[PDB]
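Report on the structure given below.
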There are 2 protein chains.
Amino acid sequence: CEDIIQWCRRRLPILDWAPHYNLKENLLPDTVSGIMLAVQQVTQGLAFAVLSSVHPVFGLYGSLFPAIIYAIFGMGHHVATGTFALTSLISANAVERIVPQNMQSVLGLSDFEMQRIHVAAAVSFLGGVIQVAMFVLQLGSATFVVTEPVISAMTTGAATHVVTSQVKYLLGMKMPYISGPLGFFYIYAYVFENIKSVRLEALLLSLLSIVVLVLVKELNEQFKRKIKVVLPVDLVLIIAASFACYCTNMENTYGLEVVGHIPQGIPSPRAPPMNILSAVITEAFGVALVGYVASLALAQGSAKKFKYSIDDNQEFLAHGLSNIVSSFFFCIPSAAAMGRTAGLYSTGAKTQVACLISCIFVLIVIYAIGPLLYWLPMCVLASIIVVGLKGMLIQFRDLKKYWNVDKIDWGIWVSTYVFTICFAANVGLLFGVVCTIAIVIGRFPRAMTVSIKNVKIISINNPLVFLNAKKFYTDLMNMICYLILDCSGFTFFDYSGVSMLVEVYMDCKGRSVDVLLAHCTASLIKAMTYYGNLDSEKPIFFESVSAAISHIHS
Amino acid sequence: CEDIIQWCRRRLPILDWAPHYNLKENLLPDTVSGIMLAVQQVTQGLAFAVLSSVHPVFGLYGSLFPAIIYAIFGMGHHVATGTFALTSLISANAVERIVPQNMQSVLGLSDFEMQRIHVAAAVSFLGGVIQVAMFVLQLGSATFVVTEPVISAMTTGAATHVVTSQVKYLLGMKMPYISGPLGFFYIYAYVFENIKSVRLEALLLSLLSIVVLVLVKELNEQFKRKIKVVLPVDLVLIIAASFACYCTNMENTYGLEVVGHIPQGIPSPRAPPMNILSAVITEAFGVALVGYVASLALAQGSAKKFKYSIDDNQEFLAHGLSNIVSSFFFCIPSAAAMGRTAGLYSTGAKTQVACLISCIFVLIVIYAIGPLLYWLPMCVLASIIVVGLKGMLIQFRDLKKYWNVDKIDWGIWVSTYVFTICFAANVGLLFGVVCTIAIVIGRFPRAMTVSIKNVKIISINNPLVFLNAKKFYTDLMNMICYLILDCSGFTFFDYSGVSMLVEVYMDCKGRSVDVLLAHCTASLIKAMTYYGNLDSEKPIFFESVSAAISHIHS
């Protein structure tokens with residue numbers, strides 16, 4: 001009765017912070033964070049919808065719709081759901097495979113543009129369905145398999161992949177869709193083979209914009225104590241570039257790529273094309289895994305920093321519901337990006353309200369100044385993206401820590417980074433997880449099982465399992481008229497451990513060495529008595545080492 | 001210098017027991033075991049060459065050739081390499097897929113029989129190459145992953161599969177090659193659909209032979225103390241059945257299947273058809289894995305019973321070399337069977353000489369009485385096989401032990417048996433291994449990490465890793481002006497453990513609780529000092545609990 005109501009209330013985390021909303025504190029920083037996040041989301045959506053080989057207008061919908069669903073069903077406070085180019089790079093494979101370039105209407109867009117957004121929407125819907133399906137299980141309670149070095153290496157490799165996917169806009173050249181197990185080097189080979197087609201105007205503009213952005217963003221952070229605000233350099237740069245492009249004929253005099261139409265939209269929702277759900281299984285799995293792990297890392301970091309507890313299983317439901325609901329409005333797969341979380345940290349956001357004022361501003365942009373973004377050069381947008389990827393790219397400094405701490409996760413980090421830079425992000429994540437599991441499995445047979453205490457007393461550590469049964473037998477045999485075994489920490493065992501213990505007892509009896517147990521539990525006592533046919537009228541199992549010592553003096 | 005010679009001598013284990021061969025003791029039981037094993041090998045080879053959809057004459061070569069190679073390069077004493085129907089069931093898939101029945105000379109055999117033995121030889125060669133390849137690595141030092149319940153369940157399921165593959169001979173009907181993910185039930189469905197074609201004569205003969213064999217083999221074992229020998233009932237039954245078939249016209253008067261030609265052979269060796277090595281990858285992997293695990297189980301059992309030590313990596317080289325060498329003589333994949341090991345145990349064999357007298361007798365059979373086995377009915381051979389599978393089929397009694405000991409390997413046994421009876425032996429083995437690894441991984445976060453000793457002292461058990469870092473933090477936080485941590489067993493850690501320890505120390509300092517370490521090693525001390533920026537001029541790390549207690553009194 002009441003338990004069901006409590007469960008239902010626990011599945012709606014918006015009821016825990018909405019009635020407790022402070023108006024004196026969390027209204028001005030929330031609004032400022034909302035405006036900054038709105039600008040960030042607009043830019044990132046426009047830049048990452050193109051990265052997925054999809055018309056840029058759908059990036060606004062992908063940055064607007066899932067945010068509300070996450071706000072309703074999400075537990076993280078400083079998590080802003082958006083486009084997350086990592087998933088765009090995965091969806092682009094399916095989009096370009098199902099509908100390639102050779103075959104070149106609800107919003108006035110020409111055909112061959114619907115056939116790509118339909119594939120993207122199907123991918124997002126399947127990813128959301130998968131996320132909800134592993135939410136209804138207890139998946140999420142087992143998320144310790146993914147480790148900090150693995151996520152760091154995968155994110156750094158994906159950031160490098162995104163950086164190398166924007167050079168075709170900074171230089172101004174045109175490239176075909178190159179992807180595969182070694183596309184990172186093929187892209188540079190193509191760039192260097194056609195080095196005579198690089199436009200100087202686009203390169204100079206990109207260099208100037210990058211220098212200005214880096215200088216402003218560094219000087220603002222260095223002297224944050226004197227100016228207690230965040231300078232909106234991106235908006236000023238965008239406005240200046242657009243006005244310079246419009247006031248001149250820079251579209252025609254110099255060959256430059258600009259954002260095409262961005263029509264006023266939000267059309268009627270339509271169901272995804274369920275008939276192609278069988279051709280996008282791998283993309284859906286990759287999206288549903290990488291987006292979830294990347295968002296969960298940020299949510300856990302926020303929870304640790306701001307001293308609150310989250311649930312690793314509610315994020316599954318939140319992300320799955322957001323993807324499923326947003327798939328009906330022609331949206332690409334969605335997740336949480338590190339840049340928006342860093343911006344929220346810097347501005348000083350407090351609650352999830354800042355993710356709704358940004359939605360309001362995105363709606364205003366969609367319905368009011370949609371056609372006003374025609375004169376924005378693509379070089380400026382690419383420079384903004386590569387500057388914003390600084391937080392992801394700076395993670396190379398963790399190598400010193402991993403080298404000075406363990407020297408084993410250093411190798412895992414290097415291997416995961418290499419595999420991510422070669423094949424892809426999802427392959428790198430899978431390789432890192434498998435390598436971590438194999439390494440932790442292979443270390444058990446090479447560790448000492450028993451310890452010697454100052455008639456000898458020998459203490460067992462704990463997990464006497466099939467991983468370290470033969471090693472335990474070897475360690476105990478290499479250590480020999482009496483012998484006491486302290487099984488205090490020993491609580492975790494299986495058939496192999498019991499068999500090895502009984503064999504040890506039998507062999508020690510053969511060598512005329514008596515073995516007495518000290519702190520055996522009830523289940524272990526029952527199992528050892530059954531397996532070895534031990535009589536209950538002979539003192540073997542005791543309750544403490546002192547009791548065994550007292551029994552010795554007889 | 002000398003180390004290389006020692007390594008080379010260690011790769012030839014025949015030099016350790018040949019010069020030390022006793023002639024007074026190990027000559028009569030070795031000869032008796034040799035004769036019995038020769039009869040066993042002849043029967044099993046003739047019955048398992050047909051099971052692989054291959055002419056029965058090659059079973060003799062498969063039982064003769066690899067035995068010598070194993071004797072030279074093998075470590076087990078009571079291990080007799082042979083045909084091992086488990087591998088025949090796997091090779092039959094490739095044989096029937098590459099060369100199906102619809103297309104129906106070195107030894108006078110007709111065509112379409114060379115195209116099948118070539119595929120079988122290629123499969124065996126690839127399996128041997130794979131086994132040697134994982135021998136040149138250090139694979140074999142990691143064989144603890146496979147557990148006793150998994151091997152028992154896989155062997156029982158394979159024995160049931162072999163039993164259900166011999167009903168078409170006991171009944172006398174004819175069946176097409178049925179195989180797949182559910183062939184076990186399809187075979188019985190076909191049998192029951194054509195129940196009107198069952199021959200009564202073959203059924204009666206099979207029933208009489210089964211009853212006689214079971215009664216003799218039970219009465220010989222029950223009263224072994226009065227008669228100190230092993231009754232050769234199989235040879236007497238074979239001779240009687242052959243003479244009854246020849247003296248009558250049982251081939252013509254009643255429809256009966258008999259062994260066809262068995263020509264005098266051992267032709268010139270020929271290389272396998274390397275051009276089809278790409279179509280038999282899965283079969284080769286399955287054979288090389290299941291044969292090795294099944295032979296290693298028997299070798300380890302013999303070593304444990306007879307008190308000698310073997311190497312888990314030399315068996316790889318022995319089996320790989322045996323398969324590679326025997327592939328050039330038109331042989332099916334080879335491994336070790338449990339029935340021959342049980343026969344060697346019962347007879348009283350002592351060394352590997354008993355595996356060479358059997359080879360001599362098999363050679364004599366091949367070159368002398370090859371054509372004399374024409375009049376042996378197939379029902380008698382199938383009955384002999386199903387009677388000999390008793391040792392494998394009796395393993396159902398381990399369920400009581402697994403239920404009374406752990407109740408978790410009981411579920412693993414049941415699941416592995418079900419998956420083996422449904423799909424196949426190799427799929428069942430893979431499922432069992434994966435399930436065991438996943439179960440042992442998932443148990444770590446649910447076990448208590450720290451223990452309380454009788455200013456409180458708390459002892460850490462040992463593997464502070466990513467599996468149980470959050471659980472360790474929760475356990476330590478649920479247990480709170482002073483606190484001592486005994487890291488005596490603690491020797492196995494990584495980055496996650498160090499991070500959790502430092503976070504625990506920081507949080508306890510925040511709660512005004514002092515944490516003092518007791519038995520930290522050098523590497524752990526260095527890592528914890530680097531990670532937490534701990535000053536070396538403050539007493540934190542000690543050498544014993546008594547030292548910490550003495551430091552307290554100040």
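Quick note on naming: the chains in the structure tokens go A, B, ... in the order shown, residues restart at 1 in each chain, and ligands are numbered from 1 in order of appearance.
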Please report, as a Markdown table, each residue of stretch 195-292 of chain B lying at most 10 Å from stretch 334-341 of chain B, together with the nearest pair of atoms and the separation in Å rounded to one decimal; use only C-alpha atoms, and order rows by chain and ascending residue number.
```
| residue | atom | partner | partner_atom | distance |
| --- | --- | --- | --- | --- |
| B:287 | CA | B:334 | CA | 8.8 |
| B:288 | CA | B:335 | CA | 9.2 |
| B:290 | CA | B:335 | CA | 8.9 |
| B:291 | CA | B:335 | CA | 5.2 |
| B:292 | CA | B:335 | CA | 7.2 |
```
Just N, CA, C and O atoms for this one: save the residues we selected as a tab-separated table (two decimals), in the first residue's frame.
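result32.tsv written:
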```tsv
chain	number	residue	atom	x	y	z
B	287	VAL	N	36.91	-27.76	-30.89
B	287	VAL	CA	37.64	-28.99	-30.64
B	287	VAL	C	38.84	-28.73	-29.74
B	287	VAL	O	39.03	-29.39	-28.71
B	288	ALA	N	39.65	-27.72	-30.10
B	288	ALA	CA	40.86	-27.43	-29.34
B	288	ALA	C	40.56	-27.03	-27.91
B	288	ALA	O	41.41	-27.23	-27.04
B	290	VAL	N	37.47	-27.96	-26.04
B	290	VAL	CA	36.80	-29.01	-25.27
B	290	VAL	C	37.70	-30.22	-25.08
B	290	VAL	O	37.73	-30.80	-23.98
B	291	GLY	N	38.45	-30.63	-26.10
B	291	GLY	CA	39.36	-31.75	-25.92
B	291	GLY	C	40.41	-31.47	-24.86
B	291	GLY	O	40.69	-32.32	-24.01
B	292	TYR	N	40.97	-30.26	-24.88
B	292	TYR	CA	41.99	-29.92	-23.89
B	292	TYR	C	41.42	-29.91	-22.48
B	292	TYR	O	42.05	-30.45	-21.56
```
Please, which residues in chain B fall within 8 Å of chain A when counting only C-alpha atoms, and what is the closest atom pair and distance in Å to one decimal for each, ordered by chain then residue number, as CSV?
```
residue,atom,partner,partner_atom,distance
B:142,CA,A:442,CA,7.7
B:144,CA,A:467,CA,6.4
B:145,CA,A:467,CA,7.4
B:147,CA,A:466,CA,7.5
B:401,CA,A:531,CA,7.8
B:402,CA,A:495,CA,7.6
B:404,CA,A:527,CA,7.2
B:405,CA,A:527,CA,5.1
B:406,CA,A:495,CA,5.9
B:408,CA,A:494,CA,8.0
B:409,CA,A:495,CA,7.3
B:442,CA,A:142,CA,7.7
B:447,CA,A:492,CA,6.9
B:448,CA,A:491,CA,7.9
B:449,CA,A:489,CA,8.0
B:450,CA,A:489,CA,7.6
B:451,CA,A:489,CA,6.4
B:461,CA,A:461,CA,5.0
B:462,CA,A:461,CA,5.8
B:466,CA,A:144,CA,6.6
B:467,CA,A:144,CA,6.4
B:488,CA,A:451,CA,7.6
B:489,CA,A:461,CA,5.7
B:491,CA,A:447,CA,7.6
B:492,CA,A:447,CA,6.9
B:494,CA,A:406,CA,6.0
B:495,CA,A:406,CA,5.9
B:527,CA,A:405,CA,5.1
B:530,CA,A:405,CA,7.3
B:531,CA,A:405,CA,7.0
```
For stretch 190-206 of chain B: contacts at 12 Å, only C-alpha atoms, fewer than 5 positions along chain excluded, given as a PyMOL selection string:
chain B and resi 164-178+183-185+211-213+237+241+244-245+250-251+253-258+377-387
DSSP-assigned helix (DSSP H, G or I) members of stretch 270-339 of chain A, reported as a compact mmCIF listing (two decimals) with C-alpha atoms, in the first residue's frame:
```
# COMPACT_ATOMS: atom_id res chain seq x y z
CA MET A 274 9.70 1.21 -36.99
CA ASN A 275 10.40 -0.76 -40.19
CA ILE A 276 14.15 -0.01 -40.06
CA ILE A 281 20.94 -2.26 -33.50
CA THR A 282 24.67 -1.65 -33.07
CA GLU A 283 24.33 2.14 -33.22
CA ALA A 284 21.49 2.05 -30.69
CA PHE A 285 23.50 -0.11 -28.27
CA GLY A 286 26.57 2.11 -28.60
CA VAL A 287 24.58 5.30 -28.05
CA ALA A 288 22.64 3.90 -25.09
CA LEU A 289 25.86 2.77 -23.42
CA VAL A 290 28.23 5.68 -24.05
CA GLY A 291 25.69 8.43 -23.37
CA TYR A 292 24.64 6.80 -20.11
CA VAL A 293 28.18 6.28 -18.82
CA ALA A 294 29.25 9.81 -19.79
CA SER A 295 26.20 11.37 -18.11
CA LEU A 296 26.51 9.20 -15.00
CA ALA A 297 30.13 10.25 -14.52
CA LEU A 298 29.10 13.92 -14.45
CA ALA A 299 26.12 13.22 -12.18
CA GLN A 300 28.30 11.33 -9.69
CA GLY A 301 30.90 14.10 -9.77
CA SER A 302 28.24 16.71 -9.02
CA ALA A 303 26.79 14.58 -6.21
CA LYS A 304 30.23 14.10 -4.65
CA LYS A 305 31.07 17.80 -4.92
CA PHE A 306 27.79 19.19 -3.56
CA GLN A 314 17.10 6.34 -11.86
CA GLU A 315 19.44 7.86 -14.46
CA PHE A 316 18.63 4.90 -16.71
CA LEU A 317 14.91 5.70 -16.59
CA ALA A 318 15.51 9.43 -16.99
CA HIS A 319 17.71 9.08 -20.08
CA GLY A 320 15.53 6.38 -21.64
CA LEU A 321 12.35 8.40 -21.18
CA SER A 322 14.02 11.54 -22.51
CA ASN A 323 15.24 9.74 -25.63
CA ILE A 324 11.92 7.97 -26.24
CA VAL A 325 9.85 11.15 -25.83
CA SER A 326 12.26 13.27 -27.89
CA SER A 327 12.36 10.71 -30.72
CA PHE A 328 8.85 11.76 -31.77
CA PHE A 329 9.98 15.33 -32.57
CA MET A 338 31.03 18.14 -19.87
CA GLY A 339 31.24 21.69 -21.22
```
So which residues touch stretch 154-156 of chain B within 12 Å, counting only C-alpha atoms, skipping near sequence neighbours fewer than 3 positions away, as a CSV table (one decimal) with N, CA, C and O atoms, in the first residue's frame?
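Result saved to result_28.csv:
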```csv
chain,number,residue,atom,x,y,z
B,84,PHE,N,37.4,-39.8,-28.8
B,84,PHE,CA,36.7,-38.8,-28.0
B,84,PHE,C,35.5,-38.2,-28.7
B,84,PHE,O,35.5,-37.1,-29.2
B,85,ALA,N,34.4,-39.0,-28.8
B,85,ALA,CA,33.2,-38.7,-29.6
B,85,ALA,C,32.7,-37.2,-29.4
B,85,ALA,O,32.1,-36.7,-30.3
B,86,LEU,N,33.1,-36.6,-28.3
B,86,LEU,CA,32.7,-35.2,-28.1
B,86,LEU,C,33.3,-34.3,-29.2
B,86,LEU,O,32.6,-33.4,-29.7
B,87,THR,N,34.5,-34.6,-29.6
B,87,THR,CA,35.1,-33.9,-30.8
B,87,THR,C,34.5,-34.3,-32.1
B,87,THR,O,34.5,-33.6,-33.1
B,146,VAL,N,37.8,-22.5,-15.5
B,146,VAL,CA,36.9,-23.6,-15.6
B,146,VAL,C,36.9,-24.3,-14.3
B,146,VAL,O,37.9,-24.6,-13.6
B,147,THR,N,35.7,-24.7,-13.8
B,147,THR,CA,35.5,-25.3,-12.5
B,147,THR,C,34.9,-26.7,-12.6
B,147,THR,O,34.4,-27.1,-13.7
B,148,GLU,N,35.0,-27.5,-11.6
B,148,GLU,CA,34.6,-28.8,-11.5
B,148,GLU,C,33.1,-29.0,-11.9
B,148,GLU,O,32.8,-29.9,-12.7
B,149,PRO,N,32.2,-28.2,-11.3
B,149,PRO,CA,30.8,-28.3,-11.7
B,149,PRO,C,30.6,-28.1,-13.2
B,149,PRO,O,29.7,-28.7,-13.8
B,150,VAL,N,31.3,-27.1,-13.8
B,150,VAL,CA,31.1,-26.8,-15.2
B,150,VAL,C,31.5,-27.9,-16.1
B,150,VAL,O,30.8,-28.3,-17.0
B,151,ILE,N,32.7,-28.5,-15.8
B,151,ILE,CA,33.2,-29.6,-16.6
B,151,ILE,C,32.3,-30.8,-16.4
B,151,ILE,O,32.0,-31.5,-17.3
B,159,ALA,N,27.5,-36.6,-22.9
B,159,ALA,CA,27.2,-38.0,-22.8
B,159,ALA,C,25.8,-38.3,-23.2
B,159,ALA,O,25.5,-39.3,-23.9
B,160,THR,N,24.9,-37.5,-22.7
B,160,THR,CA,23.5,-37.6,-23.1
B,160,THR,C,23.3,-37.4,-24.6
B,160,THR,O,22.5,-38.1,-25.3
B,161,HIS,N,24.0,-36.4,-25.2
B,161,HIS,CA,24.0,-36.2,-26.6
B,161,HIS,C,24.5,-37.4,-27.4
B,161,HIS,O,23.9,-37.7,-28.5
B,162,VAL,N,25.6,-38.0,-26.9
B,162,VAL,CA,26.1,-39.2,-27.6
B,162,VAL,C,25.1,-40.4,-27.5
B,162,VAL,O,24.9,-41.2,-28.4
B,163,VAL,N,24.5,-40.5,-26.3
B,163,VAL,CA,23.5,-41.6,-26.1
B,163,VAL,C,22.3,-41.4,-27.1
B,163,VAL,O,21.9,-42.4,-27.7
B,290,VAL,N,37.5,-28.0,-26.0
B,290,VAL,CA,36.8,-29.0,-25.3
B,290,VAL,C,37.7,-30.2,-25.1
B,290,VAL,O,37.7,-30.8,-24.0
B,291,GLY,N,38.5,-30.6,-26.1
B,291,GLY,CA,39.4,-31.8,-25.9
B,291,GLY,C,40.4,-31.5,-24.9
B,291,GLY,O,40.7,-32.3,-24.0
B,293,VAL,N,40.3,-29.3,-22.3
B,293,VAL,CA,39.7,-29.2,-20.9
B,293,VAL,C,39.4,-30.6,-20.4
B,293,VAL,O,39.6,-31.0,-19.3
B,294,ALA,N,38.7,-31.5,-21.3
B,294,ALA,CA,38.4,-32.8,-20.9
B,294,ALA,C,39.6,-33.7,-20.6
B,294,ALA,O,39.5,-34.5,-19.7
B,295,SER,N,40.7,-33.5,-21.3
B,295,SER,CA,41.9,-34.3,-21.0
B,295,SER,C,42.6,-33.8,-19.8
B,295,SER,O,43.1,-34.6,-19.0
B,297,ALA,N,41.2,-32.4,-17.2
B,297,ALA,CA,40.5,-32.8,-16.0
B,297,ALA,C,41.0,-34.2,-15.6
B,297,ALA,O,41.3,-34.5,-14.4
B,298,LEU,N,41.1,-35.2,-16.5
B,298,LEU,CA,41.5,-36.5,-16.2
B,298,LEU,C,43.0,-36.5,-15.8
B,298,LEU,O,43.3,-37.3,-14.8
B,337,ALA,N,39.5,-39.9,-23.3
B,337,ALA,CA,38.2,-40.2,-22.9
B,337,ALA,C,38.2,-40.8,-21.5
B,337,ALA,O,39.2,-41.4,-21.1
B,338,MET,N,37.1,-40.7,-20.8
B,338,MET,CA,37.1,-41.1,-19.4
B,338,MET,C,36.9,-42.6,-19.2
B,338,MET,O,37.4,-43.2,-18.3
B,389,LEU,N,29.5,-45.6,-21.8
B,389,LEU,CA,29.2,-44.2,-21.4
B,389,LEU,C,28.7,-44.1,-19.9
B,389,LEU,O,28.2,-43.1,-19.5
B,390,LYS,N,28.7,-45.2,-19.2
B,390,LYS,CA,28.1,-45.3,-17.8
B,390,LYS,C,28.9,-44.3,-16.9
B,390,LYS,O,28.3,-43.6,-16.1
B,391,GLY,N,30.2,-44.3,-17.0
B,391,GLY,CA,31.0,-43.4,-16.2
B,391,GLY,C,30.7,-41.9,-16.4
B,391,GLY,O,30.6,-41.2,-15.4
B,392,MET,N,30.5,-41.5,-17.6
B,392,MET,CA,30.0,-40.1,-17.9
B,392,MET,C,28.6,-39.9,-17.4
B,392,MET,O,28.3,-38.8,-16.9
B,393,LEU,N,27.7,-40.9,-17.6
B,393,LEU,CA,26.3,-40.6,-17.3
B,393,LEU,C,26.0,-40.7,-15.8
B,393,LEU,O,25.0,-40.1,-15.4
B,394,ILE,N,26.9,-41.3,-15.0
B,394,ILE,CA,26.7,-41.4,-13.6
B,394,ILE,C,26.9,-40.2,-12.8
B,394,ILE,O,26.7,-40.1,-11.6
B,395,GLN,N,27.4,-39.1,-13.5
B,395,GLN,CA,27.8,-37.9,-12.8
B,395,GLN,C,26.6,-37.1,-12.3
B,395,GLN,O,26.8,-35.9,-11.8
B,396,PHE,N,25.4,-37.6,-12.4
B,396,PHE,CA,24.2,-36.9,-11.9
B,396,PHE,C,24.1,-36.9,-10.4
B,396,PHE,O,23.3,-36.1,-9.9
B,397,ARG,N,24.9,-37.7,-9.7
B,397,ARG,CA,24.9,-37.8,-8.3
B,397,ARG,C,25.7,-36.6,-7.6
B,397,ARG,O,25.6,-36.5,-6.4
B,398,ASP,N,26.4,-35.8,-8.4
B,398,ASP,CA,27.1,-34.6,-7.8
B,398,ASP,C,26.1,-33.5,-7.5
B,398,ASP,O,26.5,-32.6,-6.8
B,399,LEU,N,24.8,-33.6,-7.9
B,399,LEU,CA,23.9,-32.6,-7.6
B,399,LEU,C,23.6,-32.5,-6.1
B,399,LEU,O,23.4,-31.4,-5.5
B,412,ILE,N,24.6,-23.3,-11.2
B,412,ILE,CA,25.5,-23.2,-12.3
B,412,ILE,C,25.5,-24.6,-13.0
B,412,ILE,O,25.5,-24.7,-14.3
B,413,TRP,N,25.5,-25.7,-12.3
B,413,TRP,CA,25.5,-27.0,-12.9
B,413,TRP,C,24.2,-27.2,-13.7
B,413,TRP,O,24.2,-27.7,-14.8
B,414,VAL,N,23.1,-26.8,-13.1
B,414,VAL,CA,21.8,-27.0,-13.8
B,414,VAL,C,21.8,-26.2,-15.1
B,414,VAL,O,21.3,-26.7,-16.1
B,415,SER,N,22.2,-24.9,-15.0
B,415,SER,CA,22.2,-24.1,-16.2
B,415,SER,C,23.1,-24.6,-17.3
B,415,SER,O,22.7,-24.6,-18.5
B,416,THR,N,24.3,-25.0,-16.9
B,416,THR,CA,25.2,-25.5,-17.9
B,416,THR,C,24.7,-26.8,-18.5
B,416,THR,O,24.9,-27.0,-19.7
B,417,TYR,N,24.1,-27.7,-17.7
B,417,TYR,CA,23.5,-28.9,-18.3
B,417,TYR,C,22.4,-28.6,-19.3
B,417,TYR,O,22.3,-29.2,-20.3
B,418,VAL,N,21.5,-27.6,-18.9
B,418,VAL,CA,20.4,-27.3,-19.8
B,418,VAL,C,21.0,-26.7,-21.1
B,418,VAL,O,20.5,-27.1,-22.2
B,419,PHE,N,21.9,-25.8,-21.0
B,419,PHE,CA,22.5,-25.2,-22.2
B,419,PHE,C,23.3,-26.2,-23.1
B,419,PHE,O,23.3,-26.0,-24.3
B,420,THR,N,23.9,-27.1,-22.4
B,420,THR,CA,24.6,-28.2,-23.2
B,420,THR,C,23.6,-29.1,-23.9
B,420,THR,O,23.8,-29.5,-25.0
B,421,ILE,N,22.5,-29.5,-23.2
B,421,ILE,CA,21.5,-30.3,-23.8
B,421,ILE,C,20.8,-29.6,-24.9
B,421,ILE,O,20.2,-30.3,-25.8
B,422,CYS,N,20.7,-28.3,-24.9
B,422,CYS,CA,20.0,-27.5,-25.9
B,422,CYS,C,20.9,-27.3,-27.1
B,422,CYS,O,20.6,-27.8,-28.2
B,423,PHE,N,21.9,-26.5,-27.0
B,423,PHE,CA,22.7,-26.0,-28.1
B,423,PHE,C,23.8,-27.0,-28.5
B,423,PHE,O,23.8,-27.6,-29.5
B,424,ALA,N,24.8,-27.2,-27.6
B,424,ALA,CA,26.0,-28.0,-27.9
B,424,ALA,C,26.9,-28.0,-26.6
B,424,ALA,O,26.7,-27.4,-25.6
B,425,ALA,N,28.0,-28.8,-26.8
B,425,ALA,CA,29.0,-28.9,-25.7
B,425,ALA,C,29.8,-27.6,-25.5
B,425,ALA,O,30.0,-27.1,-24.4
B,426,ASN,N,30.3,-27.0,-26.6
B,426,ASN,CA,31.2,-25.9,-26.5
B,426,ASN,C,30.4,-24.6,-26.1
B,426,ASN,O,30.9,-23.8,-25.3
B,427,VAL,N,29.1,-24.5,-26.5
B,427,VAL,CA,28.3,-23.4,-26.1
B,427,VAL,C,28.0,-23.5,-24.6
B,427,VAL,O,28.0,-22.5,-23.9
B,428,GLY,N,27.7,-24.7,-24.1
B,428,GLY,CA,27.5,-24.9,-22.7
B,428,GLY,C,28.8,-24.6,-21.9
B,428,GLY,O,28.6,-24.0,-20.8
B,429,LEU,N,29.9,-25.0,-22.4
B,429,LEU,CA,31.2,-24.7,-21.6
B,429,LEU,C,31.4,-23.2,-21.6
B,429,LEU,O,31.7,-22.6,-20.5
B,430,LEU,N,31.2,-22.5,-22.7
B,430,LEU,CA,31.4,-21.0,-22.7
B,430,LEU,C,30.4,-20.3,-21.8
B,430,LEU,O,30.7,-19.4,-21.0
B,431,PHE,N,29.1,-20.8,-21.8
B,431,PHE,CA,28.1,-20.2,-20.9
B,431,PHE,C,28.4,-20.5,-19.4
B,431,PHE,O,28.3,-19.6,-18.6
B,432,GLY,N,28.9,-21.7,-19.1
B,432,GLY,CA,29.3,-22.0,-17.7
B,432,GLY,C,30.4,-21.1,-17.3
B,432,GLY,O,30.4,-20.6,-16.1
B,433,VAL,N,31.5,-20.9,-18.1
B,433,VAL,CA,32.6,-20.1,-17.7
B,433,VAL,C,32.2,-18.7,-17.5
B,433,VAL,O,32.5,-18.0,-16.5
```
All strand (DSSP E) residues (DSSP, backbone) inside stretch 391-456 of chain B, as a ChimeraX atom specification
/B:450-453,456
Just the number, please: distance in Å from atom CA of residue B:96 to atom CA of residue B:56, one decimal.
15.8 Å
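The space between atom CA of residue B:239 and atom CA of residue B:81 spans 25.3 Å.
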